[PDB]
There are 2 protein chains.
Amino acid sequence: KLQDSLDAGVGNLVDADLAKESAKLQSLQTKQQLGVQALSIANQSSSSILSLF
Amino acid sequence: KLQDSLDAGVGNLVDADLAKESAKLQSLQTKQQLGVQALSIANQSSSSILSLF
């Protein structure tokens, strides 16, 4: 029983809660897609003054 | 982040604003043509007295 409690304590110390990580994964993949979109919109900025000349 | 800030500061120091450069270019070309025409009118001044003689 003592080694079982010790292994349970190691698991309580290091183990992660994957169910939170699922939603975190979805939000972060949506966020990186939006960030690539914003990065392209930022890259496009230089062209606007080409029409002024 | 510090390298990005230093590059932004160099750009704030030396970079020009092209959108105003376009308007100054238009006005300067028009002023050039007007100055060339005024120089021609100044060049024509000598001929008037040939009618007097």
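In what follows, every chain begins at residue 1, and chains take the letters A, B, ... in the order their sequences are listed.
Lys24(B) pairs by the salt bridge (charged side-chain N to carboxylate O under 4.0 Å, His left out) definition with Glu21(B), not counting sequence neighbours. Applying the side-chain hydrogen bond (donor to acceptor under 3.5 Å, both in side chains) test to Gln29(A) and every residue at least two apart in sequence or in another chain returns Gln26(A).
A donor-acceptor pair under 3.5 Å is formed between the side chain of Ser22(B) and the backbone N or O of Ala19(B).
If you chain together ILVMFWY residues whose side-chain heavy atoms come under 4.5 Å of each other, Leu18(A) ends up in a group of its own. Under a 4.5 Å side-chain heavy-atom cut-off, the cluster of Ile, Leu, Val, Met, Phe, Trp and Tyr residues that includes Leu6(A) is completed by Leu2(A). The hydrophobic cluster containing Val10(A), built from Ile/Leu/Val/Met/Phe/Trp/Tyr side-chain heavy atoms closer than 4.5 Å, also comprises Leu13(A), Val14(A).
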Which atom pairs, donor and acceptor, lie under 3.5 Å between side-chain atoms of residues 31-53 of chain B and protein residues at least two apart or in another chain?
from: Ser40(B); atom 1: OG; to: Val36(B); atom 2: O; distance (Å): 3.0
from: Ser47(B); atom 1: OG; to: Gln44(B); atom 2: O; distance (Å): 3.2
from: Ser48(B); atom 1: OG; to: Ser45(B); atom 2: O; distance (Å): 3.4

